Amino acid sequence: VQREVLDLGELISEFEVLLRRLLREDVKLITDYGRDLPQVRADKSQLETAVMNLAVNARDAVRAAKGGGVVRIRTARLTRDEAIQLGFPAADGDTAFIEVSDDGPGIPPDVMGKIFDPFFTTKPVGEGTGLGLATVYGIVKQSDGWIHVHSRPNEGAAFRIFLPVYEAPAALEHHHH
């Protein structure tokens, strides 16, 4: 683990260019960068891997649209209340937000509980490993984060990563043990 202080906007915008090459015109990839984006502390290559795994899943999900499916990567500073509303119950203040959303078929309710399981997949035996989301989940937890999935059939799928805001001005947390 090589944690560093990262600007959330720079992280996604720089990576977006590389991601667009990976996706080609399989999807229309859109963005929505919020204003006054926070810094976070994380391993950069791990967050990139997590976003990449989500983005390729979104592409897979909207393949049947043959060029018309839409995948959005959204970033924001959320208020505590917005974060709770978007599915982070333990939000305690301003929160960093990364969300990969698509307009695909969504996740069947009977599948939802097992999507993060190592090796769970709906693809045939020769394609992939079924670790994409297990890796994402692990990365989010290693980054002291929370992930929430919002999806119903006919509602697309949104994978929402909530990370602590890092503030360089914050006083050192400390205690007398």
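The numbering used is simple: start at 1 and walk along the sequence shown.
When the mean C-alpha temperature factors of 88-96 and 70-78 are read from the deposited coordinates, 88-96 comes out higher. The stretch with the higher mean CA B factor, choosing between 46-54 and 125-133, is 125-133. Annotation for residue 138: C-alpha temperature factor in the lowest third relative to the rest of the modelled chain, per the entry. Residue 148: CA B factor lies in the lowest third for its chain, per the PDB record.
Annotation for residue 118: C-alpha temperature factor in the lowest third relative to the rest of the modelled chain, per the entry. In the PDB entry, residue 162 places in the lowest third of its chain by CA B-factor.
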